[PDB]
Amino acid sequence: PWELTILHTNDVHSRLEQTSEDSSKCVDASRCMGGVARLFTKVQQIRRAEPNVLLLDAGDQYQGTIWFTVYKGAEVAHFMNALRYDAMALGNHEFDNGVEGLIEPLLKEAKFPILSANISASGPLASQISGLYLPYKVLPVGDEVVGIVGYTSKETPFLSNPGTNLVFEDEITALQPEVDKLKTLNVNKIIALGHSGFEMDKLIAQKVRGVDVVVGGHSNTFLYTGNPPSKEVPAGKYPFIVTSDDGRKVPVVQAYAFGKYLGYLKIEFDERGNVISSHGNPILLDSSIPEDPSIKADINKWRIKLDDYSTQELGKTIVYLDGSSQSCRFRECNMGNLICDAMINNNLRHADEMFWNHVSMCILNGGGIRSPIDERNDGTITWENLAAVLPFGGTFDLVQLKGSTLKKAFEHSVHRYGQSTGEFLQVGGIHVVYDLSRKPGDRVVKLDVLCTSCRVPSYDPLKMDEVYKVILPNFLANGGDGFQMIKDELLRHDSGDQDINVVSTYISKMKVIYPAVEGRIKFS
């Protein structure tokens, strides 16, 4: 029997450096985790021990820290090349800087194939990008070959900036003929590597005949067999076994996010490429694994331009940016309004004739706003200043919420008003009026929302049965601050861009900002 070790990462999201346990900035080095220097140590150790190894990435290296802001993908090509990845699938965030920001820094500099079978181009872009990503690659491993077939979320147009040339096809429709073709070319071991989320990964394992293994991403899914080694609660066993329509057992794997774990799956194949067995577990990249000294030194050299960038002027404010708790946990604050306006600007995507933009609404817990910014430094705003306001290493995510859920959220926002608690909501595209003289849970007396399915944006009353797209911090999407209704009732959740980066991009685009307190939130 021929044994393959599949090492895999997904949704690394610009965590080039080691992180805290929660994937935010490393403070207590002795307890820090992940980073590419530590990954390198572990991959090197495994490749000493196991003859047949693939190292695969299921997409979403782009976006997440100042690394991406400054280096724009060059850091991904450089450090993935240093780790000698065998292949990567395109994720939705690989489109954050458009097609041009994928071609130049990554497709042209990666020393490994970059895969997606379900993305097609037309017009002059088709000629420009031909062969720079591939539907699949057949890779030699020892004396055998393994086909790797890529896929990318059909939803990428709503979750990134791919432009209007590229078409994202249904994954199973696109995959099946490519898998069928590899069979005709005497390739009998096939891995589907891609970036659509655990639920689509399970459908691909089930329905795409000839796929032996699915290595996925996007949903930051943590799978484990046994007692988990850290804070992450498993969503299922590792690997997750799907029974295919042809009756085979097909392992499905993912490895959380943020470079905290290395996926590790051992597959035994018979002579005909059938999976006889599969077992493994992600490996927690904790401090017991030393950071490779050479990779670490290279990371520290690359950090210099980040430190320099962090104190550069991004733009100016002519107003005090009031991110004080005494304001932002009690009433509409202009820093809240700025951040929500930035969130909506970041989520301007291509529109249909059916909507001016797919999303118009934002909520932000006031406890997430951690500093004001004084305007008396010649109006200057720096990344360092924004990192004081938004220090937690989060993202601004897209969710779908029924109006009833959102009304429950606004009641929760003021359920114990007056104690300077973090749940008070700052907003964009929402006008709320509270009456604090009413009972907790009946304090919202008006709630109007900005239309999307309209050519002229205007406010109308919230409808309890209607589903709304909302941009909000991942802290809230995950039920932080007692927003259990958001976690339990949401219909869709997709991780978005780094919180600091969303604000920095908006300030840079606006050049001079002057956010007002304008009556988004009133008390009667």
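All residue numbers refer to positions in the sequence shown, first residue = 1.
- Comparing 217-225 with 180-188, the higher mean C-alpha B-factor in the PDB entry belongs to 180-188.
- Stretch comparison (353-361 versus 86-94) by mean CA B-factor in the PDB entry places 353-361 on top.
- Highest C-alpha temperature factor among 429, 234, 239, 150, as the PDB entry reports it: 234.
- For the set 130, 254, 437, 400, the PDB entry puts the maximum C-alpha B factor at 437.
- Per the PDB record, residue ranking by Cα B-factor puts residue 504 in the lowest third of the chain.
- Per-chain ranking of the deposited C-alpha B factor places residue 65 in the lowest third.
- When all modelled residues of the chain are sorted by CA temperature factor, residue 258 is found within the lowest third.
- Among all modelled residues in this chain, the alpha-carbon of residue 264 has a temperature factor (C-alpha) in the lowest third.
- Ranked against the other modelled residues of its chain, the C-alpha B-factor of residue 316 as given in the entry falls in the middle third.
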